[PDB]
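# Close look at the chain arrangement
Spelled out from the first residue to the last, the chains are:
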Amino acid sequence: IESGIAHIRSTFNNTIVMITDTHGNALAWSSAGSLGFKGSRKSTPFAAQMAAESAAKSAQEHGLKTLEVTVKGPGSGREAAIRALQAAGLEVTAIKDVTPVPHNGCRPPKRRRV
RNA sequence: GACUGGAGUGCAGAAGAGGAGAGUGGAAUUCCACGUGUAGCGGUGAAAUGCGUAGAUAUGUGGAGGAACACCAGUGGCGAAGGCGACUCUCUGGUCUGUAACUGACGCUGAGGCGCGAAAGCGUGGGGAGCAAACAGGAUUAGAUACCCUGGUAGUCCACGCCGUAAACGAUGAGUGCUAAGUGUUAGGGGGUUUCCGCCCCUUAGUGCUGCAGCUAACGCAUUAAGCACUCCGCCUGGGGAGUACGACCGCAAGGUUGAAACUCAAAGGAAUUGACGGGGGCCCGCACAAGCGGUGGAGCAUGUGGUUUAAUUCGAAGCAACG
Ligand SMILES: [K+]
Ligand SMILES: [K+]
Ligand SMILES: [Mg+2]
Ligand SMILES: [Mg+2]
Ligand SMILES: [Mg+2]
Ligand SMILES: [Mg+2]
């Protein structure tokens, strides 16, 4: 009711933004597809902003003033999404990383055009 | 017979992902269960196949399973090479530095043999999370038995045993000595100075950069020589056929090692130079685009050209650069 955590999964294809409680129960989420986009336009900072805003202004169901934000992936829309979450009318307390880095564990798939 | 600069042992130190075994750690991919949780996720140049209201995607908790080990990590270390990176222990190999104690040429190479030997692959039995040949579906395309997407078996991992190939490459055989420098870097030693620290110089074995002589067809090599010399081995004698055929040996097999001729060609090739080109880069320009104006292509006619039909339909011009 007072504070939440935001998880953004930004990738070179789409941006998901989920607002949850600090001990990890979902209240809301959104993405560019639920926002109404269909192609590469999903992958844009504008879609990132819009999905962020929809997420936060539904998170004001049970209400909050403060967010801790956690950013995942190489998607370029993290700046726009964080600006959205600051400017929607919430006090983003801190930003942090969820870069899922293995210490050379399981290997990636192949490069493209090979 | 004698000696020690080679070679080796001893003695005092130093580094190290050198190898085998056993055990061990946490990231992190996947999966199982459970909450929260609502309609998308994924992917592309666009998509679609596919997963998803029988509830995902995500988010947290806990658990299972295997594979590889970020930072350190560096033209840095070690190793004969292949290659070796998480940690600890055990068992082991080799290298360098200093000494001049010890032996006293005991050495260098090395046909034929013996072993090792990336990855793929083969046999048996496990394991199999990811990635993934083959394959299926979806796109692409003129077609696509491909690139591209979603899935995915062999495999990849282990034990044991085979296979013994490689752009297995520094495309540069092992050994010895000699022939200018400058500079990093690693492991050591010696000395001058200084409170150690720190700076400096000399030297040993490595590893890299740049360069003198000299060599080289040149590119370039240059005390880590492709220099100057000696020993030993292996290999070459135009291209292709052909690393084929016969033969032998090895191999469960796949296939490997050894290795020709007939026939055919008049070249094949290396390095470098000048251009031209480039679905390479960079800089600059032109109505070249873009921004705009008005037009052609549509209609009718004039003209020219083509094709044709003609006794003849004179000849010439033919992408830009022929066709009022
Ligand atoms: K096997
Ligand atoms: K190699
Ligand atoms: Mg193998
Ligand atoms: Mg224009
Ligand atoms: Mg007209
Ligand atoms: Mg004419």
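Parameters and conventions
- Residues numbered from 1 in each chain as written, not as in the entry; some residues may be left out.
- Chains lettered and ligands numbered in written order.
- Part of a larger assembly, values for the part shown.
- Heavy atoms only, no water.
- Helix = DSSP H or I, 4+ residues; strand = E, 2+ residues; numbered from the N terminus.
- Polar contact = N/O pair within 3.5 Å; in protein donor to acceptor, adjacent residues only side chain to side chain.
- Contact = heavy atoms within 4.5 Å.
- Pairing = 2+ DSSP bridges.

Header annotation of the entry names cryo-EM as the structure determination method and lists the resolution as 2.9 Å.

## Things to note about the side chain of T66
Here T66 lies in strand β4 (residues 66-72). A polar contact is formed between the side chain of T66 and the backbone oxygen of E2, at a distance of 3.0 Å. Within the structure, the side chain of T66 is placed 2.9 Å from the side chain of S3, a separation counted as a polar contact. In this structure, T66 is in contact with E2, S3, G4, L90, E91 and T93, ignoring residues within four places of it in sequence.

## Focus on the pairing of strand β2 (residues 15-20)
Pairing analysis gives six bridges linking strand β1 (residues 3-10) to β2, with the strands arranged antiparallel. Paired with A6 across the bridge in β2 is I19. Two successive antiparallel strands, β1 and β2, enclose a turn made up of four residues. Direction of pairing for β2 relative to strand β3 (residues 26-31): antiparallel, over a ladder of five bridges. Bridge pairing in β3 places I19 opposite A28. A loop of five residues connects β2 with β3, the two strands running antiparallel in sequence, and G24 in this loop sits at a positive phi of about 100 degrees.

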